Every structure is written in structure tokens, then in C-alpha cells.
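Below is one structure; the comments refer to it alone.
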2 protein chains.
Amino acid sequence: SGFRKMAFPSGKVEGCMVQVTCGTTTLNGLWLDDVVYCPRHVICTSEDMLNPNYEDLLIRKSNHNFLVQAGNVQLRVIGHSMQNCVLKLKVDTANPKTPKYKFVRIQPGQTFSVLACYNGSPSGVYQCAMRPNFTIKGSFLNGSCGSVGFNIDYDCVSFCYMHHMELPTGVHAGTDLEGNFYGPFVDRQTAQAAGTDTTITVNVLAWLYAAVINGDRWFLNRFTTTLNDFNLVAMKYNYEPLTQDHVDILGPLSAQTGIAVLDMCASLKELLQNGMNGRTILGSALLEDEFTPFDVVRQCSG
Amino acid sequence: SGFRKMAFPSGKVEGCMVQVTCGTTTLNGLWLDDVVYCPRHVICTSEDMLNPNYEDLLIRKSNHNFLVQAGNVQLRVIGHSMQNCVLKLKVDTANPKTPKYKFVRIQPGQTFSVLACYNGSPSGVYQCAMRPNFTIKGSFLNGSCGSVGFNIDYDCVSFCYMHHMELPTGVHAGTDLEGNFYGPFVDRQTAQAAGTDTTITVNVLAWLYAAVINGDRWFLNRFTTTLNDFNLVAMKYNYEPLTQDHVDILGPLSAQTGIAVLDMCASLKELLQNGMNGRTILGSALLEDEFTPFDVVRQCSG
Ligand SMILES: CNC(=O)C[C@H](Cc1ccc(F)cc1)NC(=O)[C@@H](Cc1ccc(Cl)cc1Cl)NC(=O)[C@H](N)Cc1ccccc1C#N
Ligand SMILES: CNC(=O)C[C@H](Cc1ccc(F)cc1)NC(=O)[C@@H](Cc1ccc(Cl)cc1Cl)NC(=O)[C@H](N)Cc1ccccc1C#N
Ligand SMILES: [Cl-]
Ligand SMILES: [Cl-]
Ligand SMILES: [Cl-]
Ligand SMILES: [Cl-]
Ligand code: NA
Ligand code: NA
């Protein structure tokens, strides 16, 4: 028992992290087979970053402008190209530690593990959720750009995120591994604002089920509400509306605990309207929305 | 910026996890050089577990009773011995992925990363603190015993914890890698209770400094208290007393933020006496005590 924010084991990804240097800019890259992927803004100077024209900047580069280091072993760049906001550097050596992998774009409300890296060296691993406004609330310092997010499914790594920038609000924005930004952001050093965020309702319900599985029952009640009457309460508290497919996704947890989804929604309605009155749920005094139903099932099997 | 519970990258440890089977009991072991370390209770049957005499049970075992699998490759056991509560199985192959490592015993109030494993296969990684009562609040299901906790310092892995059991309260107990239990526990299937726990004061202050570094300042005030007058408040709220060495350990963070330690203690006194009045600190509505000063500095460098 117990319930923790749990990242995937990071070993398969650690073997892929490299350092990419162009001029005086150094960030992280991802070395899979004979290609290194990294944020294209590595080619910009401090002046370029305000309003870069990346097509012009790349045409002015050559292979020998790119320094790639995998540990202390330098990798020779034999080709460079751009795909959306990612740079692809072809190298003369295939990474012998390339895992089975896929490039997948995730949905808001889904979670993934982040391997925070600096100068090509992994420093820590943690879970992130993609917010409804396409930002993530990560932990990143200067030098972290090019760090990647991923999920692992039967030894296949699904890469879903490459880190590009911290916004002025301290939240974080990046792309999928095809270089397409999550959300309404661009890779230039200008102040950009995310849209308004909302709380991920299905994840809060999943976490309430985790809590019941782990023995926290004080918030349960004998009431049951309707999907429509709950969604009226959700809108008032800036929660995403609940759909029938969310109820279906929550079916397994509802069956394991014997608490119908709409019964748990009555508990959530009361928690939103009255607070916790000084009590905690799974060690939190707030309603947690960064665990998916899958995260709960993976950790609360027993 | 941002502040997250961050584990160490787990790759160096993943390469050491194996499966150890004795009879119908399967758990995890740690394969370093030509030795596999695992909980000695793998040699017990269901009946033995109530009141095992491990010296008798081990003398009745032979090498061929132990099945060790590293992935799908079976390792041949060529010797067995017991050190306190850990079994040491000598194998005919040195682990080619053995990292530089040390066996270190940690102190209550310190943190470490846990690689949760099942059947020798790593499933997730997360941070734990050793509670003042020598338990950890982990996330472990059946089959997790033998999972290890560790810190990493300049590519040297310091192993500090091997998981042995879940207590009836749902918290977790284990040993150092010499097999010596943390706290007043024994490896037998009987109900055992931990001593009363307390909140780790220096860690709460470290986390308040993290919050200031990240822009949460609402709890600051112009007041400053004395070490003695704060410790009077600490005792009332079941907080560990603050020592001058704790003030010294907090010096670097105090200098980086410009907030004297005893000034931050005045803030903590007010937070304990009045609550948060509906506000949050680093995304929590509770005072967090599972980050050490080192954890904060490692993540809040910038
Ligand atoms: C208090 N917040 C900050 O100071 C972070 C500032 C916020 C800010 C944003 C826009 C602006 F006009 C003024 C300030 N952001 C950065 O400075 C960005 C600048 C940038 C560079 C490349 C590209 Cl394509 C876009 C941008 Cl916008 N630099 C990075 O993200 C670094 N690579 C990583 C980094 C460095 C330092 C701190 C955190 C992180 C991280 N993670
Ligand atoms: C609601 N809580 C539980 O049901 C867990 C129970 C609590 C309980 C404790 C004592 C008792 F008399 C009755 C119940 N504990 C276990 O059943 C232990 C039994 C045990 C075995 C070997 C050794 Cl040396 C000591 C013990 Cl005590 N089994 C394990 O820890 C497993 N290896 C791992 C495990 C299995 C299942 C659930 C969580 C975990 C984990 N992690
Ligand atoms: Cl957590
Ligand atoms: Cl793909
Ligand atoms: Cl966290
Ligand atoms: Cl040692
Ligand atoms: Na493609
Ligand atoms: Na020794």
C-alpha cells in the first residue's frame, strides 16, 4: 500500500542523453540510432533569440559548427536538418543503447516522466502532467532545455515531450519529438502567456479512488448525484466537465472499490463545497489532479 | 524554477536488480560484482514466517535451492551466507554493470530514492524520507520486498535501504545493506508498531526557503524569534527541536534569500499557530518535511 508520485525507471533514457553545443550555447540532445534530436534554438545567439528566422540561421550553419558529446566521447556530425522546432543532427555512430521507442504526442490531462538533464548528464526524474493549457509544472534550471519526457510500456519508450523554455510565470513549455509545440507557444525569447488552466476532474476522481483503496474513507457518503448536476458544480469551481467516457475509464476502479462513479462524484461535490475541515487525503490537504486512472491502477493493483 | 520531489536517475541501479526464488517465495535481489543481496526471509515458508529460526533454516538450504534470474539469464549460485537480515548468494558471474557503490546507513530525516521492483523488474522510482521513527512512507505491493533505496553522488551509488516488510499501519520497514534493521523491527510475520513520529523541523524550514526562492513570499514577516522560544512552539506541535547545527546547515539557503534562519522560524511559528488561511506554498496546503537542505540546494541552484 501507499501512493506516491512515481516516475518510470529512467535507465533506458539516460543512455540516450547527450550534450549539444553550437557556439556558446549548450543544451541537451536525445541520441537515437544515428540521429541526435535537440531544440533548434541551440543555433541562436543572444541577439538572434528575440526574433529568430530559423531557416536563415540554419542555412548559415555547417556540420562542424555542432559539438555533440556523449559522455566524454565526441560524436561527429555528418548532417543537419530541421523538423518544426527540433534540430536533427545525423552522426556517424548509431547509439548502441537505443531502446525500442516511439514518438507519441500526449493529451492534456495525461502524465509522463521527465528526466531532468544538464550538459548531457541526467540529474533527476519526476512525474509531470500536461495541464489543460498545455504547460507543465516542472522543475528546470538554466541548461535543462532539451530534457525529455516519456512513458514506458513493455520496454518500449514512448517519448512525448522535449523541453524548450520556461515562461515568465515559472511554468514550462515544449514540443513533441516531431518539434510541434504543445499549446500556443513559439521558440523565441519573448514573454508568452498560457491560456487559463482548469482542474482535471477525472484525475481527481481517480485519486479519490486511490485513497479509498489505501484506506482513506472519511469523505465518502451515501449520496449519489447525476452527471449533469455534478457538471454544474464542476463549472462553478473551474473543473473540467465529466463525460460518460470518463465514467467508463473509471469503471475498473469503481468496481474494485464498490463505489459507483456518480457516488464518488457526490463526495467530490461535497469536498469542493465544504473543504476538508482540517483532514487529509493520501497526505494532501488539497484535491490532487495529476494522477490518471492508469497511474492509480499501476500503483494500486493490490 | 519549480520545485518537485525528484528522484535520482535510476539506471545504475536498474542494471543490478535480479529475481531470487527459493521454493515458492520470489522477491528481488541486488547483484553487485559476484554477490546477490536479498532479504533473508526468502528462505521461509508460510509456516516458518510466524517465528523463524533463520540459523536453522539456512543450514537446511543448499546452493541449488536458490534460483537467481537476471532478466531471462539464470545465474548459478555457488555459495550462500547470512549477514544479519540479508542473505548473500555468491554467483559464478560478476555483474558487468556494477556501478561504483558504497553501503551507507542513513539518519532519520534524510532522503533517498526508492526503485520499486517486482520479480526483478524495476517498475518505478520515487523519493522517500526516513521518518524519525525509522519507517518510510513508501508505495509497495506484494512482491516488492528486496527493492532498494539509494542516493547518487558523482556516479557513486550509496545504497542505504533494502525493503523487508509493510507494517499493519501501511508504512514500510527495512534494513541497511548490512542487514541491520532501521528501527525496532524484526523480520517475522507478526504485528509490529513503530514509535511515535515527529515532524522534521529543519526540512520544513528548508522547504520554506525553497518556496521563497521560487517566489512564494506571503508567509514572511518582519519578526524574529529566539532559538529557545521557537523550540517551545516546536514541542507543542510535535516538531523536532531546532539545533544550532541545523541553523548552520540552513546558512547557505538563508544567505541566498537574505532571510535569517530565526526570521524564517518566526514565519513557521505563525504558520503552525494560524494555519495558511486558504493559501498554498509550492502547491501544498500542508507544511512539507520530506526535503532536506541538500535536496533544496540541488534543485534550487538558480
Ligand atoms: C523567472 N523565470 C525565468 O527567469 C525564466 C525566463 C522567463 C522569461 C521568458 C521570456 C522572456 F522574454 C523573459 C523571461 N525564461 C528564460 O530565461 C528562457 C529564455 C528562452 C530561451 C530560449 C527560448 Cl526558445 C525561449 C525562451 Cl523564453 N530560457 C530558458 O528557458 C532556458 N533554456 C532554461 C532556463 C533558464 C533559466 C531559468 C529557467 C530555465 C528553465 N527551464
Ligand atoms: C494492510 N497491510 C498489509 O496487508 C501488509 C501486511 C501487514 C501485516 C503485517 C504483519 C502481520 F502479522 C499482518 C499484516 N504485511 C505483510 O503482508 C507482509 C508480511 C511479512 C512478510 C515477511 C516479513 Cl519478514 C514480515 C512481514 Cl510483516 N508482507 C510483505 O511485506 C510483502 N513482502 C510485501 C507486501 C505484501 C502485501 C502488501 C504490501 C506489501 C509491501 N510492501
Ligand atoms: Cl508524492
Ligand atoms: Cl515513431
Ligand atoms: Cl511534488
Ligand atoms: Cl561499503
Ligand atoms: Na518521421
Ligand atoms: Na562488509
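Ordered as shown in the C-alpha cells, chains take letters A, B, and onward, while each chain numbers its residues from 1 and ligands are numbered from 1 in the order shown.
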
Next on the checklist: So that I can check the surroundings of residue B:127, please list as a ChimeraX atom specification every protein, DNA and RNA residue that reaches within 6 Å of it, counting only C-alpha atoms and ignoring chain neighbours fewer than 3 positions away.
Outcome noted: /B:7,112-113

Item to check | Counting only C-alpha atoms, chain A residues within 9 Å of chain B, as a PyMOL selection string | outcome: chain A and resi 1-15+115-116+122-127+137-142+166+170-171+214+283-286+299-302

Item to check | Neighbourhood of ligand 6 at 9 Å, counting only C-alpha atoms and all ligand atoms, reported as a count of residues only | outcome: 7

Onto chain A, please fit chain B by least squares using all C-alpha atoms in order, then return the transformed chain as a tab-separated table (two decimals) with C-alpha atoms, in the first residue's frame.
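Final output, saved to out-v7.tsv:
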chain	number	residue	atom	x	y	z
B	1	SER	CA	0.00	0.00	0.00
B	2	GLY	CA	0.90	3.66	-0.13
B	3	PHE	CA	0.51	6.07	-3.00
B	4	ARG	CA	3.33	8.14	-4.41
B	5	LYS	CA	4.05	10.22	-7.46
B	6	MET	CA	6.13	7.60	-9.22
B	7	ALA	CA	8.25	8.08	-12.32
B	8	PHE	CA	9.23	5.37	-14.73
B	9	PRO	CA	12.73	3.91	-14.29
B	10	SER	CA	14.92	6.24	-16.30
B	11	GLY	CA	17.77	3.94	-17.37
B	12	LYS	CA	16.67	3.43	-20.97
B	13	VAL	CA	16.51	7.21	-21.46
B	14	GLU	CA	19.75	8.01	-19.59
B	15	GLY	CA	21.66	6.05	-22.21
B	16	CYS	CA	20.34	8.42	-24.89
B	17	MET	CA	21.17	11.81	-23.38
B	18	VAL	CA	23.98	13.82	-24.98
B	19	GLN	CA	25.29	17.37	-24.87
B	20	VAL	CA	24.92	19.57	-27.96
B	21	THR	CA	26.97	22.76	-28.26
B	22	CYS	CA	26.65	25.38	-31.00
B	23	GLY	CA	28.78	28.47	-30.45
B	24	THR	CA	28.36	29.50	-26.81
B	25	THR	CA	25.00	27.73	-26.37
B	26	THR	CA	24.97	24.28	-24.76
B	27	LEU	CA	21.86	22.18	-24.15
B	28	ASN	CA	20.76	18.54	-24.10
B	29	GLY	CA	20.01	16.27	-27.02
B	30	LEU	CA	18.45	12.84	-27.47
B	31	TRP	CA	20.59	10.31	-29.37
B	32	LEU	CA	18.55	7.52	-31.00
B	33	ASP	CA	20.20	5.31	-33.64
B	34	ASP	CA	22.38	7.73	-35.69
B	35	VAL	CA	20.33	10.90	-35.06
B	36	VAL	CA	20.54	13.48	-32.26
B	37	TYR	CA	17.36	15.48	-31.59
B	38	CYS	CA	17.52	18.81	-29.74
B	39	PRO	CA	15.77	22.21	-29.60
B	40	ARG	CA	16.53	24.21	-32.71
B	41	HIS	CA	17.18	27.35	-30.68
B	42	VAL	CA	20.67	25.97	-29.94
B	43	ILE	CA	21.70	27.65	-33.20
B	44	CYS	CA	20.76	31.14	-31.99
B	45	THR	CA	22.95	33.76	-30.38
B	46	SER	CA	21.67	36.00	-27.59
B	47	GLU	CA	20.70	38.60	-30.20
B	48	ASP	CA	19.02	36.08	-32.52
B	49	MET	CA	16.69	34.87	-29.77
B	50	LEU	CA	14.42	37.93	-29.76
B	51	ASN	CA	13.10	37.32	-33.29
B	52	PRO	CA	14.91	34.42	-34.96
B	53	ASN	CA	14.41	33.42	-38.57
B	54	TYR	CA	15.47	29.81	-38.17
B	55	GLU	CA	15.55	28.98	-41.88
B	56	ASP	CA	18.15	31.73	-42.41
B	57	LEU	CA	20.11	30.78	-39.30
B	58	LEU	CA	20.34	27.10	-40.23
B	59	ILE	CA	21.43	27.73	-43.82
B	60	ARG	CA	24.37	29.66	-42.32
B	61	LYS	CA	25.44	26.66	-40.22
B	62	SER	CA	27.57	23.67	-41.20
B	63	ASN	CA	28.14	20.28	-39.59
B	64	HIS	CA	31.39	21.34	-37.92
B	65	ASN	CA	29.52	24.07	-36.02
B	66	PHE	CA	27.83	21.37	-33.88
B	67	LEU	CA	29.69	19.79	-30.96
B	68	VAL	CA	28.00	16.61	-29.70
B	69	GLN	CA	29.41	14.82	-26.65
B	70	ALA	CA	28.06	11.52	-25.31
B	71	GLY	CA	29.88	11.45	-22.01
B	72	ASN	CA	33.45	12.34	-22.92
B	73	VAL	CA	33.22	10.71	-26.37
B	74	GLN	CA	32.70	13.29	-29.10
B	75	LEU	CA	30.25	12.34	-31.86
B	76	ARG	CA	30.98	13.52	-35.39
B	77	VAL	CA	28.07	15.39	-37.02
B	78	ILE	CA	27.63	14.34	-40.66
B	79	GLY	CA	24.34	16.05	-41.45
B	80	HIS	CA	21.91	18.59	-40.03
B	81	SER	CA	18.27	19.33	-40.70
B	82	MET	CA	15.27	20.96	-39.05
B	83	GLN	CA	11.81	19.49	-38.43
B	84	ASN	CA	9.48	22.14	-36.95
B	85	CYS	CA	11.16	23.30	-33.71
B	86	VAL	CA	13.62	20.38	-33.40
B	87	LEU	CA	17.06	20.09	-34.91
B	88	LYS	CA	18.11	16.65	-36.21
B	89	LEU	CA	21.89	16.09	-36.28
B	90	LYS	CA	22.99	12.97	-38.11
B	91	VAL	CA	26.04	11.39	-36.50
B	92	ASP	CA	28.49	8.78	-37.73
B	93	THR	CA	27.69	6.34	-34.90
B	94	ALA	CA	24.44	4.62	-34.05
B	95	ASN	CA	23.72	4.71	-30.32
B	96	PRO	CA	24.29	1.12	-29.13
B	97	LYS	CA	21.93	1.80	-26.21
B	98	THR	CA	18.93	2.84	-28.35
B	99	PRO	CA	15.80	1.35	-26.72
B	100	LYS	CA	12.72	0.32	-28.59
B	101	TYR	CA	10.94	3.65	-28.87
B	102	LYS	CA	8.06	5.62	-30.35
B	103	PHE	CA	7.35	9.36	-30.73
B	104	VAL	CA	3.84	9.96	-29.38
B	105	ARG	CA	2.04	13.20	-28.68
B	106	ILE	CA	0.12	13.20	-25.42
B	107	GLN	CA	-3.20	14.78	-24.49
B	108	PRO	CA	-3.79	17.35	-21.77
B	109	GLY	CA	-4.52	15.57	-18.53
B	110	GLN	CA	-2.08	12.73	-19.21
B	111	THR	CA	1.13	12.19	-17.24
B	112	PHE	CA	4.72	11.38	-18.13
B	113	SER	CA	8.14	11.12	-16.55
B	114	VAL	CA	10.70	13.91	-17.01
B	115	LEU	CA	14.43	13.15	-16.92
B	116	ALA	CA	15.96	16.49	-15.96
B	117	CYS	CA	19.41	16.81	-17.55
B	118	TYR	CA	22.22	19.36	-17.57
B	119	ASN	CA	25.16	19.32	-20.00
B	120	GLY	CA	24.04	15.91	-21.24
B	121	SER	CA	24.12	14.44	-17.72
B	122	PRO	CA	20.86	13.25	-16.09
B	123	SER	CA	20.23	14.84	-12.70
B	124	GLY	CA	16.79	13.68	-11.55
B	125	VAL	CA	13.49	12.12	-12.55
B	126	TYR	CA	9.92	13.05	-11.69
B	127	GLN	CA	6.31	12.85	-12.87
B	128	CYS	CA	4.55	15.70	-14.71
B	129	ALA	CA	1.02	16.11	-16.01
B	130	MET	CA	0.29	18.03	-19.17
B	131	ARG	CA	-2.03	20.80	-17.97
B	132	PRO	CA	-5.25	21.58	-19.87
B	133	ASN	CA	-3.50	24.76	-21.04
B	134	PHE	CA	-0.56	22.72	-22.48
B	135	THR	CA	2.02	23.79	-19.94
B	136	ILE	CA	3.73	21.54	-17.41
B	137	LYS	CA	4.65	22.47	-13.86
B	138	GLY	CA	8.18	21.11	-13.90
B	139	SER	CA	11.46	21.74	-12.13
B	140	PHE	CA	14.04	23.10	-14.56
B	141	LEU	CA	17.06	25.38	-14.26
B	142	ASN	CA	19.22	27.02	-16.90
B	143	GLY	CA	20.80	24.32	-19.02
B	144	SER	CA	17.81	21.97	-18.80
B	145	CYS	CA	16.44	22.67	-22.28
B	146	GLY	CA	16.44	19.50	-24.41
B	147	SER	CA	15.44	17.32	-21.46
B	148	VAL	CA	12.75	14.83	-22.46
B	149	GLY	CA	9.54	13.39	-21.09
B	150	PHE	CA	8.42	9.84	-21.69
B	151	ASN	CA	6.31	6.87	-20.67
B	152	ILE	CA	7.44	3.25	-20.79
B	153	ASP	CA	5.23	0.36	-21.90
B	154	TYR	CA	6.73	-3.16	-22.04
B	155	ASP	CA	10.31	-1.92	-22.54
B	156	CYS	CA	9.16	0.45	-25.34
B	157	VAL	CA	9.86	4.10	-24.52
B	158	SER	CA	7.18	6.48	-25.83
B	159	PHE	CA	8.84	9.90	-25.97
B	160	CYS	CA	6.25	12.67	-25.70
B	161	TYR	CA	8.00	15.89	-24.64
B	162	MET	CA	11.15	17.89	-25.27
B	163	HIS	CA	11.72	20.88	-23.01
B	164	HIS	CA	12.16	24.26	-24.73
B	165	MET	CA	11.51	27.13	-22.33
B	166	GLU	CA	10.32	28.50	-19.02
B	167	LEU	CA	7.54	31.10	-19.27
B	168	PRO	CA	7.57	34.22	-17.09
B	169	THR	CA	5.06	32.52	-14.76
B	170	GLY	CA	7.59	29.79	-13.97
B	171	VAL	CA	5.72	27.04	-15.83
B	172	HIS	CA	7.28	25.19	-18.72
B	173	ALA	CA	6.60	24.72	-22.43
B	174	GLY	CA	7.95	22.36	-25.03
B	175	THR	CA	7.26	20.25	-28.07
B	176	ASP	CA	6.57	16.71	-29.06
B	177	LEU	CA	9.53	14.90	-30.63
B	178	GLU	CA	8.41	15.98	-34.11
B	179	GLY	CA	9.09	19.54	-32.94
B	180	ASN	CA	5.45	20.68	-32.72
B	181	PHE	CA	4.76	22.81	-29.66
B	182	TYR	CA	2.25	21.84	-27.06
B	183	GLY	CA	-0.02	24.88	-26.84
B	184	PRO	CA	0.16	28.37	-28.29
B	185	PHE	CA	3.90	28.92	-27.90
B	186	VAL	CA	6.86	29.68	-30.17
B	187	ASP	CA	10.60	29.29	-29.58
B	188	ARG	CA	11.67	32.87	-29.21
B	189	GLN	CA	12.74	34.85	-26.15
B	190	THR	CA	9.57	36.86	-25.74
B	191	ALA	CA	7.04	36.89	-22.93
B	192	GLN	CA	4.25	34.45	-23.79
B	193	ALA	CA	1.22	33.62	-21.66
B	194	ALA	CA	-0.62	30.33	-21.39
B	195	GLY	CA	-4.39	30.21	-21.55
B	196	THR	CA	-6.45	29.82	-18.41
B	197	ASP	CA	-5.98	26.48	-16.72
B	198	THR	CA	-8.59	24.15	-15.25
B	199	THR	CA	-8.56	21.20	-12.85
B	200	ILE	CA	-8.53	17.70	-14.35
B	201	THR	CA	-11.76	16.20	-12.92
B	202	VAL	CA	-11.27	12.57	-13.95
B	203	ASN	CA	-7.82	12.59	-12.33
B	204	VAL	CA	-9.18	13.95	-9.05
B	205	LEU	CA	-11.75	11.15	-9.01
B	206	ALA	CA	-9.07	8.58	-9.81
B	207	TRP	CA	-7.04	9.89	-6.86
B	208	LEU	CA	-10.07	9.68	-4.54
B	209	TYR	CA	-10.33	6.03	-5.58
B	210	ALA	CA	-6.63	5.55	-4.82
B	211	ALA	CA	-7.33	6.98	-1.37
B	212	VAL	CA	-10.19	4.56	-0.73
B	213	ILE	CA	-8.01	1.64	-1.88
B	214	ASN	CA	-5.43	2.86	0.65
B	215	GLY	CA	-7.94	3.22	3.50
B	216	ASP	CA	-8.95	6.91	3.49
B	217	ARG	CA	-12.76	6.78	3.62
B	218	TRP	CA	-13.82	9.84	5.66
B	219	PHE	CA	-15.06	11.77	2.58
B	220	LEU	CA	-17.46	9.05	1.39
B	221	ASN	CA	-21.21	9.47	1.77
B	222	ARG	CA	-24.41	7.64	0.97
B	223	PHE	CA	-25.46	10.21	-1.68
B	224	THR	CA	-25.34	9.93	-5.44
B	225	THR	CA	-25.69	12.78	-7.92
B	226	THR	CA	-26.32	12.87	-11.65
B	227	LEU	CA	-23.72	13.54	-14.33
B	228	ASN	CA	-25.48	16.80	-15.22
B	229	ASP	CA	-25.88	18.04	-11.64
B	230	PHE	CA	-22.23	17.32	-10.87
B	231	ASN	CA	-21.04	19.13	-14.01
B	232	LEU	CA	-22.96	22.20	-12.84
B	233	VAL	CA	-20.82	22.12	-9.69
B	234	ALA	CA	-17.67	21.44	-11.75
B	235	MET	CA	-18.12	24.59	-13.83
B	236	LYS	CA	-18.52	26.73	-10.71
B	237	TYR	CA	-15.15	25.54	-9.32
B	238	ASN	CA	-13.24	25.60	-12.64
B	239	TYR	CA	-13.24	21.81	-13.06
B	240	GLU	CA	-13.43	20.14	-16.46
B	241	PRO	CA	-16.86	18.63	-17.22
B	242	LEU	CA	-17.14	14.88	-16.68
B	243	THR	CA	-18.09	12.75	-19.68
B	244	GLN	CA	-19.56	9.28	-19.94
B	245	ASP	CA	-16.23	8.00	-21.27
B	246	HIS	CA	-14.57	9.33	-18.10
B	247	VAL	CA	-17.13	7.33	-16.11
B	248	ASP	CA	-16.20	4.34	-18.28
B	249	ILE	CA	-12.46	4.88	-17.80
B	250	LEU	CA	-13.16	5.00	-14.06
B	251	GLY	CA	-15.22	1.78	-14.21
B	252	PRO	CA	-12.40	-0.57	-13.17
B	253	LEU	CA	-11.57	1.49	-10.06
B	254	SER	CA	-15.28	1.88	-9.28
B	255	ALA	CA	-15.67	-1.90	-9.49
B	256	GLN	CA	-12.60	-2.63	-7.36
B	257	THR	CA	-13.82	-0.39	-4.52
B	258	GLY	CA	-17.57	-0.94	-4.90
B	259	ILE	CA	-18.21	2.81	-5.09
B	260	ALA	CA	-20.13	3.92	-8.18
B	261	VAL	CA	-18.52	6.79	-10.07
B	262	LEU	CA	-21.52	9.04	-9.55
B	263	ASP	CA	-21.39	8.18	-5.82
B	264	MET	CA	-17.77	9.36	-5.71
B	265	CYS	CA	-18.84	12.50	-7.61
B	266	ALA	CA	-21.17	13.30	-4.72
B	267	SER	CA	-18.13	13.10	-2.43
B	268	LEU	CA	-16.18	15.42	-4.73
B	269	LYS	CA	-19.09	17.87	-4.81
B	270	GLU	CA	-19.09	18.00	-1.01
B	271	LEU	CA	-15.29	18.35	-0.88
B	272	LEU	CA	-15.42	21.30	-3.28
B	273	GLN	CA	-18.29	22.97	-1.41
B	274	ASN	CA	-17.07	22.45	2.16
B	275	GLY	CA	-13.33	21.82	2.03
B	276	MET	CA	-11.72	19.14	4.16
B	277	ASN	CA	-12.35	20.62	7.64
B	278	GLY	CA	-8.71	20.04	8.55
B	279	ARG	CA	-8.42	16.44	7.35
B	280	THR	CA	-6.15	14.97	4.69
B	281	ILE	CA	-6.44	12.54	1.78
B	282	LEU	CA	-3.34	10.46	0.95
B	283	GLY	CA	-1.22	13.02	2.79
B	284	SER	CA	-2.62	16.06	0.96
B	285	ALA	CA	-4.83	18.90	2.14
B	286	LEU	CA	-5.72	19.75	-1.49
B	287	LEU	CA	-7.54	17.86	-4.22
B	288	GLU	CA	-4.80	16.31	-6.41
B	289	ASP	CA	-5.32	16.17	-10.17
B	290	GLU	CA	-2.02	14.89	-11.57
B	291	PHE	CA	-2.71	11.12	-11.35
B	292	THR	CA	-4.50	9.44	-14.23
B	293	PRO	CA	-6.74	6.41	-13.79
B	294	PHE	CA	-3.84	4.44	-15.31
B	295	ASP	CA	-1.39	5.84	-12.75
B	296	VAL	CA	-3.71	4.71	-9.93
B	297	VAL	CA	-4.23	1.19	-11.31
B	298	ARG	CA	-0.49	0.74	-11.91
B	299	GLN	CA	0.33	1.61	-8.29
B	300	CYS	CA	-2.81	0.29	-6.51
B	301	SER	CA	-3.01	-3.19	-8.05
B	302	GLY	CA	-3.23	-4.85	-4.63

Next on the checklist: If you run DSSP on the backbone here, which positions in stretch 25-238 of chain B get strand (DSSP E or B)? Please write them as an MDAnalysis selection string.
Outcome noted: chainID B and resid 25:32 35:39 66:70 73:75 77:83 86:91 100:103 111:118 121:129 136 148:153 156:166 172:175 181 199
